[PDB]
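Q: One structure, as C-alpha cells, below. Some questions next.
What follows is calculated from the coordinates using simple rules that are stated; it is not laboratory data.
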Amino acid sequence: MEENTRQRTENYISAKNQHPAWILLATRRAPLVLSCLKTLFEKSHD
Amino acid sequence: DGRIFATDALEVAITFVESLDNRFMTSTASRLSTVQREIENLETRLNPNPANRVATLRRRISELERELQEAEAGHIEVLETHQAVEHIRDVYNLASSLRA
C-alpha cells in the first residue's frame, strides 16, 4: 500500500505551506528574524 | 498588551536551528542505563499483583545490601573522566528536555 507514501507527501506539503516553523525556515530572510527573536526571548518570557 | 510572545512553532524552529550545530549525543552508554532503569521501574509500578511487587522490592533490597557490603570493604567505584563527562552531558540533556 502506497497510501502511507502519498498521504505522507501530502502532509509534508501541507506542513511546508502552512506550519509557521517550516514557513519561517524556508523564508529567504529566516536567519535574521530567527536571531532577533532568539535574542529577544532568551532574556525574558513575560 | 503590546508585547510579543513566542509560540510552539518558534520554539521548534529555534530547537532545529540550535541542533544544527554540534549537539549532545543520546546514542550513548548512559541513557541506555537510564532507559533500562526507567523500563524496570515502569514494569514494577505497572503490575497489579502485590506479590510480584514485594518480590521485586526484596530483590532490589538484597542487591543494595550486597553493594553496601562491598562498599564497606572500600570498593567504592568512581566512574571515569570520559564516563563522568558523558553522564553529565546525559543529565544535562534530560534536564533541558523539561522545558520543551
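Q: As a check on your grasp of the helix formula, calculate [θ] at 222 nm for chain B: sum -39500 (n - 2.57) over DSSP H runs of n ≥ 4, divide by the residue count, round to the nearest 500.
A: Here the helix-only value at 222 nm equals -22000 deg cm²/dmol.
Q: At 20 angstrom or more along the helix axis (alpha-carbon based) and mean Kyte-Doolittle of -0.5 or higher, what helices does chain B contain? Whole DSSP H runs only.
A: B:81-96
Q: In degrees, nearest 10, range 0 to 90: what is the angle between the Cα axis of helix A:3-18 and the longest Cα principal axis of chain A?
A: Value to nearest ten degrees: 30.
Q: Can I ask one more? At q = 0.12, 0.15, 0.21 Å⁻¹, what log₁₀ I(q)/I(0) does a Debye calculation on the Cα points of the protein assembly as shown give, no solvent, two decimals?
A: -0.86, -1.02, -1.32
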